[PDB]
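Asks: data-v2.cif is reproduced below (mmCIF, C-alpha atoms).
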```
data_final
loop_
_atom_site.label_atom_id
_atom_site.label_comp_id
_atom_site.auth_asym_id
_atom_site.auth_seq_id
_atom_site.Cartn_x
_atom_site.Cartn_y
_atom_site.Cartn_z
CA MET A 1 -17.67 -15.87 36.80
CA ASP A 2 -20.81 -16.81 38.60
CA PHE A 3 -23.51 -18.79 36.80
CA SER A 4 -26.73 -20.63 37.37
CA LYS A 5 -28.14 -23.05 34.80
CA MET A 6 -31.05 -25.50 34.99
CA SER A 7 -31.51 -28.81 33.13
CA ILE A 8 -35.01 -30.16 32.91
CA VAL A 9 -36.55 -33.32 31.52
CA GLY A 10 -40.25 -33.02 31.19
CA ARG A 11 -43.19 -32.54 28.96
CA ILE A 12 -44.29 -29.47 27.20
CA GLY A 13 -47.41 -28.39 28.97
CA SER A 14 -48.48 -25.34 26.92
CA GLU A 15 -48.83 -23.68 23.53
CA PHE A 16 -45.92 -21.52 22.39
CA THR A 17 -47.10 -17.95 23.05
CA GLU A 18 -45.13 -15.16 21.39
CA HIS A 19 -44.28 -11.70 22.63
CA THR A 20 -42.20 -8.53 21.85
CA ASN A 21 -36.52 -8.98 18.99
CA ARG A 22 -39.41 -11.40 19.75
CA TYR A 23 -39.51 -14.04 22.43
CA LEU A 24 -41.34 -17.27 22.91
CA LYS A 25 -42.82 -18.47 26.13
CA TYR A 26 -43.93 -21.98 27.24
CA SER A 27 -44.06 -24.14 30.31
CA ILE A 28 -42.59 -27.65 31.02
CA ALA A 29 -44.34 -30.03 33.45
CA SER A 30 -41.68 -32.17 35.10
CA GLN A 31 -42.69 -34.95 37.37
CA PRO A 32 -39.89 -37.01 38.97
CA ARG A 33 -42.42 -39.52 40.52
CA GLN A 34 -45.60 -33.94 42.72
CA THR A 35 -45.30 -32.11 39.35
CA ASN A 36 -43.03 -29.07 38.88
CA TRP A 37 -44.07 -26.41 36.35
CA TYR A 38 -41.26 -24.25 34.92
CA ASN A 39 -41.74 -21.31 32.54
CA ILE A 40 -39.19 -21.09 29.79
CA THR A 41 -38.33 -17.96 27.86
CA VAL A 42 -36.76 -18.25 24.41
CA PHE A 43 -34.83 -15.55 22.53
CA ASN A 44 -32.47 -17.68 20.41
CA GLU A 45 -34.32 -17.38 17.10
CA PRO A 46 -33.11 -20.68 15.57
CA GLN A 47 -34.58 -22.45 18.64
CA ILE A 48 -37.70 -20.31 18.48
CA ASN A 49 -38.21 -21.63 14.94
CA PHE A 50 -37.28 -25.18 15.83
CA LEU A 51 -40.00 -25.09 18.50
CA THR A 52 -42.76 -23.54 16.35
CA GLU A 53 -41.92 -25.64 13.28
CA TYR A 54 -41.34 -29.12 14.76
CA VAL A 55 -42.32 -29.47 18.37
CA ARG A 56 -45.89 -30.32 19.43
CA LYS A 57 -47.53 -29.98 22.88
CA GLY A 58 -46.91 -32.99 25.19
CA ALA A 59 -43.38 -33.53 23.82
CA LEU A 60 -40.84 -35.07 26.16
CA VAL A 61 -37.87 -32.66 26.02
CA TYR A 62 -34.53 -32.12 27.63
CA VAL A 63 -33.99 -28.35 28.09
CA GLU A 64 -31.07 -26.44 29.41
CA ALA A 65 -31.83 -22.90 30.54
CA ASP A 66 -29.99 -20.08 32.07
CA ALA A 67 -31.56 -19.21 35.45
CA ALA A 68 -31.97 -15.93 37.28
CA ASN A 69 -33.86 -14.63 40.27
CA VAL A 70 -36.71 -10.02 43.87
CA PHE A 71 -39.76 -7.55 44.04
CA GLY A 72 -41.80 -11.88 46.19
CA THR A 73 -38.95 -13.60 44.20
CA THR A 74 -39.25 -14.57 40.51
CA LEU A 75 -37.44 -17.22 38.50
CA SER A 76 -36.42 -16.51 34.94
CA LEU A 77 -35.36 -19.39 32.78
CA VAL A 78 -34.01 -18.51 29.45
CA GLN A 79 -33.54 -21.45 27.09
CA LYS A 80 -30.03 -22.35 25.82
CA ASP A 81 -30.63 -25.60 24.21
CA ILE A 82 -33.32 -28.14 23.55
CA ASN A 83 -33.32 -31.88 22.78
CA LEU A 84 -36.54 -33.35 21.48
CA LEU A 85 -36.73 -36.79 23.04
CA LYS A 86 -40.27 -37.76 21.95
CA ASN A 87 -42.93 -35.60 20.23
CA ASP B 1 -38.16 -36.88 34.50
CA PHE B 2 -36.06 -34.34 36.47
CA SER B 3 -35.19 -30.76 37.21
CA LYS B 4 -31.64 -30.00 38.45
CA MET B 5 -29.70 -26.79 38.85
CA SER B 6 -25.97 -26.11 38.78
CA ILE B 7 -24.71 -22.91 40.37
CA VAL B 8 -21.41 -21.13 40.71
CA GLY B 9 -21.48 -18.40 43.26
CA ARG B 10 -20.53 -17.20 46.67
CA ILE B 11 -21.94 -18.32 49.93
CA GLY B 12 -23.94 -15.39 51.20
CA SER B 13 -25.12 -16.61 54.58
CA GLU B 14 -24.43 -18.49 57.78
CA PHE B 15 -25.41 -22.16 57.85
CA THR B 16 -28.73 -22.19 59.79
CA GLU B 17 -29.92 -25.65 61.02
CA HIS B 18 -33.55 -26.85 61.11
CA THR B 19 -35.59 -30.13 61.44
CA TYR B 20 -31.34 -30.05 57.47
CA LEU B 21 -29.07 -27.16 56.74
CA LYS B 22 -30.07 -23.90 54.99
CA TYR B 23 -27.87 -21.38 53.27
CA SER B 24 -28.03 -19.01 50.34
CA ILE B 25 -25.68 -18.55 47.39
CA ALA B 26 -25.26 -15.14 45.74
CA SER B 27 -24.51 -15.76 42.05
CA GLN B 28 -23.59 -12.58 40.35
CA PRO B 29 -22.53 -12.94 36.77
CA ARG B 30 -21.41 -9.20 36.65
CA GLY B 31 -24.57 -6.09 37.76
CA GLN B 32 -27.59 -8.13 39.17
CA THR B 33 -27.17 -10.83 41.81
CA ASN B 34 -29.26 -14.12 41.80
CA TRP B 35 -29.92 -15.45 45.34
CA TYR B 36 -30.65 -19.11 45.63
CA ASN B 37 -31.59 -20.88 48.86
CA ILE B 38 -30.09 -24.30 49.20
CA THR B 39 -31.44 -27.02 51.45
CA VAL B 40 -29.11 -29.75 52.60
CA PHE B 41 -30.05 -33.18 53.88
CA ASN B 42 -27.01 -35.29 52.90
CA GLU B 43 -25.32 -35.46 56.27
CA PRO B 44 -21.73 -35.93 55.01
CA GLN B 45 -22.23 -32.70 53.01
CA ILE B 46 -23.89 -31.02 55.97
CA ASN B 47 -20.68 -31.81 57.98
CA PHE B 48 -18.38 -30.82 55.16
CA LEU B 49 -20.11 -27.42 55.07
CA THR B 50 -20.08 -26.77 58.80
CA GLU B 51 -16.57 -28.20 59.35
CA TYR B 52 -14.70 -26.62 56.39
CA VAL B 53 -16.57 -24.01 54.43
CA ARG B 54 -16.56 -20.35 55.44
CA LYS B 55 -18.94 -17.62 54.36
CA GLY B 56 -17.95 -15.88 51.07
CA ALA B 57 -16.66 -19.10 49.60
CA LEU B 58 -16.82 -19.51 45.83
CA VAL B 59 -18.63 -22.84 45.34
CA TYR B 60 -20.02 -25.03 42.59
CA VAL B 61 -23.26 -26.61 43.72
CA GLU B 62 -25.60 -29.01 42.01
CA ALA B 63 -29.07 -29.26 43.46
CA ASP B 64 -32.43 -30.93 42.78
CA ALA B 65 -35.07 -28.34 42.01
CA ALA B 66 -38.78 -28.21 42.73
CA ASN B 67 -41.48 -25.57 42.55
CA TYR B 68 -44.03 -25.32 45.35
CA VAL B 69 -47.08 -23.02 44.59
CA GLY B 70 -47.35 -17.29 43.83
CA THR B 71 -44.58 -19.95 43.40
CA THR B 72 -41.45 -20.92 45.33
CA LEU B 73 -38.30 -22.72 44.46
CA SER B 74 -36.79 -25.56 46.52
CA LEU B 75 -33.21 -26.52 45.81
CA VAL B 76 -31.89 -29.51 47.56
CA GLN B 77 -28.15 -29.94 47.40
CA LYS B 78 -26.72 -33.05 45.71
CA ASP B 79 -23.05 -32.10 45.51
CA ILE B 80 -20.65 -29.37 46.35
CA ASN B 81 -17.18 -28.26 45.21
CA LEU B 82 -15.28 -25.78 47.16
CA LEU B 83 -13.51 -23.63 44.55
CA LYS B 84 -12.11 -20.91 46.90
CA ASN B 85 -12.88 -20.45 50.60
CA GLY B 86 -13.64 -17.19 52.60
CA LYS B 87 -12.18 -14.70 55.06
CA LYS B 88 -10.56 -16.12 58.14
CA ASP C 1 -28.59 -37.84 21.51
CA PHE C 2 -25.41 -36.18 22.93
CA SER C 3 -22.19 -36.54 24.88
CA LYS C 4 -20.85 -33.53 26.70
CA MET C 5 -18.13 -33.21 29.34
CA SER C 6 -17.83 -30.62 32.08
CA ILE C 7 -14.41 -30.16 33.62
CA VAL C 8 -13.04 -28.14 36.44
CA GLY C 9 -9.33 -27.93 36.38
CA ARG C 10 -6.25 -25.95 35.65
CA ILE C 11 -4.84 -24.96 32.33
CA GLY C 12 -1.73 -27.01 31.89
CA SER C 13 -0.38 -25.78 28.56
CA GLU C 14 0.27 -22.91 26.15
CA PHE C 15 -2.44 -22.22 23.64
CA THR C 16 -1.10 -23.72 20.34
CA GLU C 17 -3.00 -22.78 17.12
CA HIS C 18 -3.55 -25.14 14.18
CA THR C 19 -5.60 -25.92 11.07
CA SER C 20 -8.22 -28.46 10.88
CA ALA C 21 -8.41 -30.42 7.61
CA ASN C 22 -11.78 -28.77 7.02
CA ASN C 23 -9.68 -25.53 6.97
CA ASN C 24 -10.62 -24.06 10.22
CA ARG C 25 -8.40 -22.41 12.72
CA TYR C 26 -8.51 -24.01 16.02
CA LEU C 27 -6.86 -23.63 19.33
CA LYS C 28 -5.47 -26.59 21.39
CA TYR C 29 -4.75 -26.70 25.09
CA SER C 30 -4.86 -29.21 27.91
CA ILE C 31 -6.56 -29.06 31.33
CA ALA C 32 -5.07 -30.89 34.25
CA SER C 33 -7.93 -31.94 36.52
CA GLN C 34 -6.98 -33.71 39.66
CA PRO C 35 -9.91 -34.27 41.97
CA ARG C 36 -7.97 -36.06 44.65
CA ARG C 37 -4.31 -35.09 45.33
CA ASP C 38 -3.80 -38.73 46.21
CA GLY C 39 -5.32 -39.91 42.92
CA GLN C 40 -4.27 -39.23 39.40
CA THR C 41 -4.40 -36.16 37.38
CA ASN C 42 -6.57 -36.38 34.37
CA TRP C 43 -5.21 -34.53 31.34
CA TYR C 44 -7.88 -33.55 28.79
CA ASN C 45 -7.11 -32.00 25.45
CA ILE C 46 -9.53 -29.34 24.45
CA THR C 47 -10.14 -28.14 20.92
CA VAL C 48 -11.57 -24.71 20.31
CA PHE C 49 -13.22 -23.49 17.13
CA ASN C 50 -15.63 -20.86 18.55
CA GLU C 51 -13.69 -17.81 17.59
CA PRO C 52 -15.01 -15.52 20.33
CA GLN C 53 -13.80 -18.10 22.86
CA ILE C 54 -10.52 -18.54 20.98
CA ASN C 55 -9.95 -14.79 21.45
CA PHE C 56 -11.18 -14.83 25.08
CA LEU C 57 -8.55 -17.49 25.77
CA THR C 58 -5.62 -15.84 24.01
CA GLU C 59 -6.64 -12.48 25.58
CA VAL C 60 -6.57 -16.27 30.16
CA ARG C 61 -3.13 -17.27 31.52
CA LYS C 62 -1.58 -20.69 32.08
CA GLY C 63 -2.49 -22.25 35.47
CA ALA C 64 -5.98 -20.74 35.41
CA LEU C 65 -8.71 -22.61 37.25
CA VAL C 66 -11.45 -22.95 34.63
CA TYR C 67 -14.88 -24.61 34.24
CA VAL C 68 -15.12 -25.89 30.67
CA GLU C 69 -18.01 -27.56 28.91
CA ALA C 70 -17.13 -29.44 25.77
CA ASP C 71 -18.74 -31.72 23.20
CA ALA C 72 -17.23 -35.16 23.33
CA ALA C 73 -16.58 -37.67 20.53
CA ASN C 74 -14.43 -40.72 19.94
CA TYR C 75 -12.25 -40.77 16.81
CA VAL C 76 -10.29 -43.92 15.68
CA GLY C 77 -6.08 -46.60 18.39
CA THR C 78 -9.12 -44.56 19.52
CA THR C 79 -9.12 -41.08 20.87
CA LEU C 80 -11.28 -38.61 22.66
CA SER C 81 -12.12 -35.29 21.04
CA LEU C 82 -13.39 -32.53 23.30
CA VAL C 83 -14.57 -29.47 21.48
CA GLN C 84 -15.10 -26.50 23.71
CA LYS C 85 -18.65 -25.04 24.02
CA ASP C 86 -18.18 -22.69 26.90
CA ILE C 87 -15.66 -21.47 29.37
CA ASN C 88 -15.82 -19.90 32.82
CA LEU C 89 -12.66 -18.32 34.21
CA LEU C 90 -12.81 -19.08 37.93
CA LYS C 91 -9.39 -17.84 38.82
CA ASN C 92 -6.51 -16.79 36.53
CA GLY C 93 -2.69 -17.59 36.65
CA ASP D 1 -11.70 -30.24 40.43
CA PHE D 2 -13.80 -32.63 38.33
CA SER D 3 -14.55 -34.17 35.00
CA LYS D 4 -18.02 -35.56 34.48
CA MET D 5 -19.68 -36.64 31.38
CA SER D 6 -23.38 -36.50 30.53
CA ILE D 7 -24.57 -38.77 27.71
CA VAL D 8 -27.88 -39.27 25.99
CA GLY D 9 -27.85 -42.37 23.95
CA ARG D 10 -28.95 -45.94 23.53
CA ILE D 11 -27.73 -48.92 25.39
CA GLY D 12 -25.80 -50.93 22.87
CA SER D 13 -24.81 -54.02 24.81
CA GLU D 14 -25.70 -56.64 27.40
CA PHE D 15 -24.74 -55.88 30.96
CA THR D 16 -21.51 -57.94 31.46
CA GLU D 17 -20.44 -58.49 35.01
CA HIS D 18 -16.98 -58.52 36.57
CA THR D 19 -15.05 -58.24 39.83
CA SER D 20 -12.58 -55.59 40.99
CA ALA D 21 -9.11 -55.74 42.46
CA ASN D 22 -10.57 -55.76 46.00
CA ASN D 23 -13.09 -58.46 45.09
CA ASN D 24 -15.79 -55.72 44.30
CA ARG D 25 -18.47 -56.35 41.74
CA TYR D 26 -18.94 -54.13 38.71
CA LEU D 27 -21.08 -53.96 35.58
CA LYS D 28 -19.92 -52.98 32.11
CA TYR D 29 -21.96 -51.80 29.21
CA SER D 30 -21.69 -49.43 26.29
CA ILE D 31 -23.89 -46.53 25.14
CA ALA D 32 -24.16 -45.66 21.48
CA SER D 33 -24.72 -41.90 21.17
CA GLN D 34 -25.34 -40.50 17.74
CA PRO D 35 -26.00 -36.83 17.56
CA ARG D 36 -26.82 -36.64 13.79
CA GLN D 37 -21.19 -40.75 13.19
CA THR D 38 -21.90 -42.76 16.38
CA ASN D 39 -19.90 -42.45 19.60
CA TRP D 40 -19.52 -45.58 21.70
CA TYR D 41 -18.78 -45.04 25.39
CA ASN D 42 -18.05 -47.77 27.88
CA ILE D 43 -19.64 -47.27 31.24
CA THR D 44 -18.48 -48.90 34.42
CA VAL D 45 -20.90 -49.34 37.31
CA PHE D 46 -20.06 -49.96 40.96
CA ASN D 47 -23.01 -48.33 42.72
CA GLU D 48 -24.90 -51.48 43.59
CA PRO D 49 -28.34 -49.90 43.69
CA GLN D 50 -27.74 -48.76 40.09
CA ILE D 51 -26.29 -52.11 39.18
CA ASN D 52 -29.60 -53.66 40.28
CA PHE D 53 -31.66 -50.97 38.65
CA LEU D 54 -29.95 -51.80 35.36
CA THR D 55 -30.22 -55.56 35.58
CA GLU D 56 -33.75 -55.47 36.94
CA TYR D 57 -35.46 -52.80 34.76
CA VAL D 58 -33.42 -51.77 31.78
CA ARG D 59 -33.43 -53.55 28.45
CA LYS D 60 -30.98 -53.26 25.57
CA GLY D 61 -31.78 -50.39 23.15
CA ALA D 62 -33.01 -48.15 25.92
CA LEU D 63 -32.67 -44.44 25.45
CA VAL D 64 -30.89 -43.31 28.66
CA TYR D 65 -29.37 -40.17 30.19
CA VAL D 66 -26.27 -41.15 32.07
CA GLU D 67 -23.97 -39.03 34.14
CA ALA D 68 -20.58 -40.52 34.76
CA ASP D 69 -17.34 -39.55 36.40
CA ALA D 70 -14.59 -39.46 33.86
CA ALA D 71 -10.90 -40.29 34.33
CA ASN D 72 -8.00 -40.76 31.99
CA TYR D 73 -5.56 -43.57 32.73
CA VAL D 74 -2.19 -43.41 30.89
CA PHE D 75 -0.21 -46.57 29.95
CA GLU D 76 2.73 -48.02 28.01
CA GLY D 77 -1.19 -43.72 25.12
CA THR D 78 -4.40 -42.98 27.10
CA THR D 79 -7.69 -44.61 28.21
CA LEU D 80 -11.00 -43.18 29.33
CA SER D 81 -12.80 -44.57 32.35
CA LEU D 82 -16.44 -43.57 32.78
CA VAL D 83 -17.91 -44.59 36.07
CA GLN D 84 -21.65 -44.20 36.32
CA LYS D 85 -23.08 -41.78 38.95
CA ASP D 86 -26.68 -41.66 37.87
CA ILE D 87 -29.06 -42.98 35.29
CA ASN D 88 -32.44 -41.87 33.85
CA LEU D 89 -34.37 -44.22 31.79
CA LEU D 90 -36.00 -42.07 29.11
CA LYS D 91 -37.50 -44.89 26.96
CA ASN D 92 -36.90 -48.67 27.37
CA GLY D 93 -36.25 -51.39 24.66
#
```
Just give me the structure of the file as structure tokens.

Replies:
Amino acid sequence: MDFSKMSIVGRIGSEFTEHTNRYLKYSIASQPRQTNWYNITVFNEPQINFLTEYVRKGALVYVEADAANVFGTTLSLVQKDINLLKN
Amino acid sequence: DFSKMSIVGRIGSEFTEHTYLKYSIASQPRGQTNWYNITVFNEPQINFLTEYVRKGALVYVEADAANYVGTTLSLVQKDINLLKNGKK
Amino acid sequence: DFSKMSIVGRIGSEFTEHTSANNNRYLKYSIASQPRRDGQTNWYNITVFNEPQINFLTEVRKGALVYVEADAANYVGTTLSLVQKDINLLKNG
Amino acid sequence: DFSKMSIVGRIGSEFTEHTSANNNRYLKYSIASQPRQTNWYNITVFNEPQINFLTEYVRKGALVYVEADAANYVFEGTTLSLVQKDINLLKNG
């Protein structure tokens, strides 16, 4: 079956804002050298907790997220996994 | 620091050529379809695409991702696998 | 810290079912992945605990082109363990 | 068809240098990756720009993210070759 996943290494550039089954929302600033901002959505509740409990703003992370795209075109990135590299 | 995408999907366009190659992949897990525009500079891959790959091909692409600000996604191809080719 | 493998290849065995010392059921199968057809064919033995995937596989035919992601470890001769995390059926047998 | 590995781990060796069958230069090193039991993986490097990148910038103990092409070579039993395709330095030594 078709898929589309994204892997990002970057820094957490926002607070964890929470919405309504809850979800968590935050952005990663990723700068390979030009700085790319990506908004992550989180439903997996264990990860939601892991983020709120342990992870502070400015953390270097490695995130994997499932990606989707029309209305303009909008990118949804739903988190699958997170590695805290440095808090 | 990086941001890369991997996609499996079907090639949903002709290969249009600029000054690099452009094409779109329709990735449809079931059901909604996610359209991704791929940009190709790597010339060997550009040739591989034009010389072998037909529209409707199931492909596995990896691409470097960037976001240019409303916000737009650039996806520059780094690798391609042909999984199954198209009509003839 | 991690070590994961992604494979595209064909299922080159029956699905044999076993018990794991820790007392889990797991499924074993091998993927033949041959990127060249002038180069060798890499055989990789996959272990599956995730029961939904175990069922998904038993309910997949031999020779299927698959895309598998698996956690990798080395266990001691020294051997490679590849525990399945996800599977995409690209084309069946 | 493919079989790539992605590893996050620490460089656990010096960069030892060798030459190939066809007189081609390669670098060897190992990555210790410890998710939680510590997996050692031996990386082979031909891509000369990366060879330089390693020798020039990267110190032992570096946290790295490596992607490597994987192959299995049979003999006599089975051996895993991991040839580096890319490296990210996450934190140096």

Asks: CA of residue 77 in chain D to CA of residue 75 in chain C: how many Å, to one decimal?

Replies: 14.1 Å

Asks: Would you list the contacts of residue 88 in chain D as an mmCIF file with C-alpha atoms, keeping the file's coordinate frame, taking every protein, DNA or RNA residue within 12 Å and counting only C-alpha atoms, but skipping same-chain residues closer than 5 positions in sequence?

Replies:
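Produced file part33.cif, reproduced below:
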```cif
data_model
loop_
_atom_site.group_PDB
_atom_site.id
_atom_site.type_symbol
_atom_site.label_atom_id
_atom_site.label_comp_id
_atom_site.auth_asym_id
_atom_site.auth_seq_id
_atom_site.Cartn_x
_atom_site.Cartn_y
_atom_site.Cartn_z
ATOM 1 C CA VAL A 9 -36.550 -33.320 31.520
ATOM 2 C CA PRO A 32 -39.890 -37.010 38.970
ATOM 3 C CA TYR A 62 -34.530 -32.120 27.630
ATOM 4 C CA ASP B 1 -38.160 -36.880 34.500
ATOM 5 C CA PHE B 2 -36.060 -34.340 36.470
ATOM 6 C CA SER B 3 -35.190 -30.760 37.210
ATOM 7 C CA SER D 6 -23.380 -36.500 30.530
ATOM 8 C CA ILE D 7 -24.570 -38.770 27.710
ATOM 9 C CA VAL D 8 -27.880 -39.270 25.990
ATOM 10 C CA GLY D 9 -27.850 -42.370 23.950
ATOM 11 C CA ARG D 10 -28.950 -45.940 23.530
ATOM 12 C CA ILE D 11 -27.730 -48.920 25.390
ATOM 13 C CA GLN D 50 -27.740 -48.760 40.090
ATOM 14 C CA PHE D 53 -31.660 -50.970 38.650
ATOM 15 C CA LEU D 54 -29.950 -51.800 35.360
ATOM 16 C CA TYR D 57 -35.460 -52.800 34.760
ATOM 17 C CA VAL D 58 -33.420 -51.770 31.780
ATOM 18 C CA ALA D 62 -33.010 -48.150 25.920
ATOM 19 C CA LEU D 63 -32.670 -44.440 25.450
ATOM 20 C CA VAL D 64 -30.890 -43.310 28.660
ATOM 21 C CA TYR D 65 -29.370 -40.170 30.190
ATOM 22 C CA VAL D 66 -26.270 -41.150 32.070
ATOM 23 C CA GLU D 67 -23.970 -39.030 34.140
ATOM 24 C CA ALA D 68 -20.580 -40.520 34.760
#
```

Asks: Per residue of chain B within 12 Å of chain D, record the nearest atom pair and its distance in Å to one decimal, counting only C-alpha atoms, with rows in chain order and ascending residue number, as a tab-separated table.

Replies:
```
residue	atom	partner	partner_atom	distance
B:1	CA	D:88	CA	7.6
B:2	CA	D:88	CA	8.8
B:3	CA	D:88	CA	11.9
B:59	CA	D:1	CA	11.3
B:60	CA	D:1	CA	10.1
B:78	CA	D:85	CA	11.6
B:79	CA	D:85	CA	11.7
B:80	CA	D:1	CA	10.8
B:81	CA	D:1	CA	7.5
B:82	CA	D:1	CA	8.8
B:83	CA	D:1	CA	8.0
B:84	CA	D:1	CA	11.4
```

Asks: Report the residues retrieved by the PyMOL selection byres ((chain C) within 10 of (chain B)) from the displayed file, expressed as a ChimeraX atom specification.

Replies: /C:8,35,65,67,88,90-91

Asks: Could you work out how far CA of residue 85 in chain D lies from CA of residue 30 in chain D, giving the answer in Å with one decimal?

Replies: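 Between these atoms lies a distance of 14.9 Å.
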
Asks: Using only C-alpha atoms, can you tell me which of A:65, A:40, A:51, A:82 comes closest to chain B?

Replies: A:65

Asks: How many Å lie between CA of residue 50 in chain A and CA of residue 24 in chain A, rounded to one decimal?

Replies: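 One can read the CA of residue 50 in chain A to CA of residue 24 in chain A distance as 11.4 Å.
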
Asks: Kindly determine which residues of chain C lie within 12 Å of chain D, considering all atoms listed in the file, and give the answer as a PDB file with C-alpha atoms, in the coordinates of the input.

Replies:
```pdb
ATOM      1  CA  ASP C   1     -28.590 -37.840  21.510  1.00  0.00           C
ATOM      2  CA  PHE C   2     -25.410 -36.180  22.930  1.00  0.00           C
ATOM      3  CA  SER C   3     -22.190 -36.540  24.880  1.00  0.00           C
ATOM      4  CA  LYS C   4     -20.850 -33.530  26.700  1.00  0.00           C
ATOM      5  CA  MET C   5     -18.130 -33.210  29.340  1.00  0.00           C
ATOM      6  CA  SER C   6     -17.830 -30.620  32.080  1.00  0.00           C
ATOM      7  CA  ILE C   7     -14.410 -30.160  33.620  1.00  0.00           C
ATOM      8  CA  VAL C   8     -13.040 -28.140  36.440  1.00  0.00           C
ATOM      9  CA  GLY C   9      -9.330 -27.930  36.380  1.00  0.00           C
ATOM     10  CA  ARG C  10      -6.250 -25.950  35.650  1.00  0.00           C
ATOM     11  CA  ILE C  11      -4.840 -24.960  32.330  1.00  0.00           C
ATOM     12  CA  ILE C  31      -6.560 -29.060  31.330  1.00  0.00           C
ATOM     13  CA  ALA C  32      -5.070 -30.890  34.250  1.00  0.00           C
ATOM     14  CA  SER C  33      -7.930 -31.940  36.520  1.00  0.00           C
ATOM     15  CA  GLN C  34      -6.980 -33.710  39.660  1.00  0.00           C
ATOM     16  CA  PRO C  35      -9.910 -34.270  41.970  1.00  0.00           C
ATOM     17  CA  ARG C  36      -7.970 -36.060  44.650  1.00  0.00           C
ATOM     18  CA  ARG C  37      -4.310 -35.090  45.330  1.00  0.00           C
ATOM     19  CA  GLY C  39      -5.320 -39.910  42.920  1.00  0.00           C
ATOM     20  CA  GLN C  40      -4.270 -39.230  39.400  1.00  0.00           C
ATOM     21  CA  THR C  41      -4.400 -36.160  37.380  1.00  0.00           C
ATOM     22  CA  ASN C  42      -6.570 -36.380  34.370  1.00  0.00           C
ATOM     23  CA  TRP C  43      -5.210 -34.530  31.340  1.00  0.00           C
ATOM     24  CA  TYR C  44      -7.880 -33.550  28.790  1.00  0.00           C
ATOM     25  CA  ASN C  45      -7.110 -32.000  25.450  1.00  0.00           C
ATOM     26  CA  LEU C  65      -8.710 -22.610  37.250  1.00  0.00           C
ATOM     27  CA  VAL C  66     -11.450 -22.950  34.630  1.00  0.00           C
ATOM     28  CA  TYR C  67     -14.880 -24.610  34.240  1.00  0.00           C
ATOM     29  CA  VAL C  68     -15.120 -25.890  30.670  1.00  0.00           C
ATOM     30  CA  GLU C  69     -18.010 -27.560  28.910  1.00  0.00           C
ATOM     31  CA  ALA C  70     -17.130 -29.440  25.770  1.00  0.00           C
ATOM     32  CA  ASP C  71     -18.740 -31.720  23.200  1.00  0.00           C
ATOM     33  CA  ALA C  72     -17.230 -35.160  23.330  1.00  0.00           C
ATOM     34  CA  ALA C  73     -16.580 -37.670  20.530  1.00  0.00           C
ATOM     35  CA  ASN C  74     -14.430 -40.720  19.940  1.00  0.00           C
ATOM     36  CA  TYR C  75     -12.250 -40.770  16.810  1.00  0.00           C
ATOM     37  CA  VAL C  76     -10.290 -43.920  15.680  1.00  0.00           C
ATOM     38  CA  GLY C  77      -6.080 -46.600  18.390  1.00  0.00           C
ATOM     39  CA  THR C  78      -9.120 -44.560  19.520  1.00  0.00           C
ATOM     40  CA  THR C  79      -9.120 -41.080  20.870  1.00  0.00           C
ATOM     41  CA  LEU C  80     -11.280 -38.610  22.660  1.00  0.00           C
ATOM     42  CA  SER C  81     -12.120 -35.290  21.040  1.00  0.00           C
ATOM     43  CA  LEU C  82     -13.390 -32.530  23.300  1.00  0.00           C
ATOM     44  CA  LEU C  90     -12.810 -19.080  37.930  1.00  0.00           C
TER      45      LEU C  90
END
```

Asks: Given the file above and the PyMOL selection byres ((chain A) within 10 of (chain C)), which residues are selected, and can you give them as a VMD selection string?

Replies: chain A and resid 1 to 3 83 to 85

Asks: Report as a PyMOL selection string the residues that result from applying the PyMOL selection byres ((chain C and resi 27) around 6) to the structure here.

Replies: chain C and resi 16-17+26+28+47-48

Asks: Go through A:31, A:81, A:5, A:75 and flag the residue nearest residue 44 in chain A, using only C-alpha atoms for the distances.

Replies: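 Among A:31, A:81, A:5, A:75, it is A:81 that comes nearest to residue 44 in chain A.
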
Asks: Restricting the calculation to only C-alpha atoms, which member of A:60, A:20, A:80, A:66 is positioned closest to chain D?

Replies: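 Ranking A:60, A:20, A:80, A:66 by distance to chain D, first place goes to A:60.
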
Asks: Using all atoms listed in the file, which of B:41, B:68, B:52, B:36 sits nearest residue 24 in chain B?

Replies: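 Among the listed residues, the smallest separation from residue 24 in chain B belongs to B:36.
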
Asks: Show me the residues close to (-21.7, -55.8, 29.6) - anything with an atom within 10 Å, counting all atoms listed in the file - and format the list as a list in words.

Replies: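 It turns out the residues near that spot are residues 12, 13, 14, 15, 16, 17, 18, 26, 27, 28, 29, 30, 42, 43 and 44 of chain D.
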